[PDB]
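Undergrad: This is the structure, below, for whatever I ask next.
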């Protein structure tokens, strides 16, 4: 069955965040690309949590690099470890 050791929701690390960038901006982006449960911004980096995995990656692709406020933001999946339980589709 399903399980969640910590922070079930997804997590996307966003770096190279312009200084004159407002959270609302980052959220809006991840929002337009898909559903966004939580969206916070750190000093220089950020952390966006999405529900739908499909949308998550899709965004990182259309976001990773996207020029924002003159500065190209670097988006990448925070979660490094992968736990794909069950066999592979055939």
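Numbering (the authors' numbering), first residue to last: 70 to 159. The C-beta atom is built at its ideal place from N, Cα and C for all residues, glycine as well.
#1: Please report the straight-line C-alpha distance between residue 81 and residue 93, rounded to a whole angstrom.
#2: Just to confirm the assignment: which complete alpha helix (DSSP H) runs, minimum length 4, are found wholly within the stretch 86–131?
#3: Just reading off the beta strand (DSSP E) that residue 143 is part of, what are its end residues?
#4: Quick check on this structure: which residue in 79, 112, 124 and 102 has the alpha carbon closest to the alpha carbon of residue 87?
TA: According to the data block:
#1: Numbered from its first residue, the chain shown carries residue 81 at position 12. Numbered from its first residue, the chain shown carries residue 93 at position 24. Linking residue 81 to residue 93 through their CA atoms gives a straight-line distance of about 16 Å.
#2: Those alpha helix (DSSP H) runs which fall completely within the stretch 86–131 and span 4+ residues are 92–102.
#3: Stepping through the chain shown from its first residue, residue 143 is reached at position 74. Residue 143 -> beta strand (DSSP E) spans 143–146.
#4: Against the chain shown, residue 87 aligns to sequence position 18. The closest CA to that of residue 87, considering only 79, 112, 124 and 102, is found on 112.
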